[PDB]
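Coming up is one lone chain in structure tokens, specifically the form solved without the ligand.
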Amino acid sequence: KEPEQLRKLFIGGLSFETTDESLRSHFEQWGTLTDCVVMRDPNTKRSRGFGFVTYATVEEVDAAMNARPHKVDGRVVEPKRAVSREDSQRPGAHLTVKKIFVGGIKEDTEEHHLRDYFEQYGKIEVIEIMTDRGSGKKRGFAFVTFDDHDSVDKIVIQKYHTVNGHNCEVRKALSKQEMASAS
């Protein structure tokens, strides 16, 4: 079977009136849910405005994501691949971004190498293999931009990515200022 983490979706922006039952009624349209829950304030019992839905298979998760936009209880919500508690500790881990930072790529890496691995996740809009300003030397990293934030999410929730024959690290791209705030 597939790991519970990859079979789960974070549902943000829920109407304060959405309950486990109404959330389930909506999302069961795309598959068998093994878990469905609205997070609430431990004390006031009030809804925190987000919940989680888990399907029996990742294929059903993909169907749900392909069904966006989603409107639950009259409110447009935002379904996202669930980022593990461990990974949610990283700065910007929950940001909606369309660009990924690809690190540790060999110096002879070319755009076709990046496409052969990344296109499977979604439409690529931009690819930029970074080089040094002045020497023209390859720097060992690149940026890839997609047309859907879910393409980036589907990627970053995975541990390994093979480009030009070897593994490379992939993370959501952070702005110059985001980088500065994180360190």
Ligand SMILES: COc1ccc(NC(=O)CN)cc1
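Don't overthink the numbering: it's just position in the shown sequence, from 1.
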query	finding
At least a third of other PDB entries omit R85	yes
Selected stretch [higher average CA B-factor]: 172-180 or 3-11	172-180
151-159 versus 23-31 - greater average Cα B-factor per the deposited record	23-31
Of the residues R85, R90, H113, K98, the one carrying the largest Cα B-factor as recorded	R90
B-factor third for the C-alpha atom of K80 within its chain	middle
For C36, the third of its chain into which the C-alpha B factor falls	middle
Position of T54 among the chain's modelled residues by C-alpha B-factor, lowest, middle or highest third	lowest
Third of the chain's Cα B-factor distribution that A67 belongs to, per the entry	highest
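If you look for the form deposited with the ligand bound, you will not find it shown, but the lines that follow are about it.
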{"item": "Contact of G122 with the ligand in the deposited complex (heavy atom, 4.5 Å)", "value": "yes"}
{"item": "Any non-hydrogen atom of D35 within 4.5 angstroms of the ligand in the deposited complex", "value": "no"}
{"item": "Interface membership of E28, the ligand in the deposited complex, 4.5 Å heavy atom rule", "value": "no"}
{"item": "Residues of 34-49 having any heavy atom within 4.5 Å of the ligand in the deposited complex, listed in sequence order", "value": "none"}
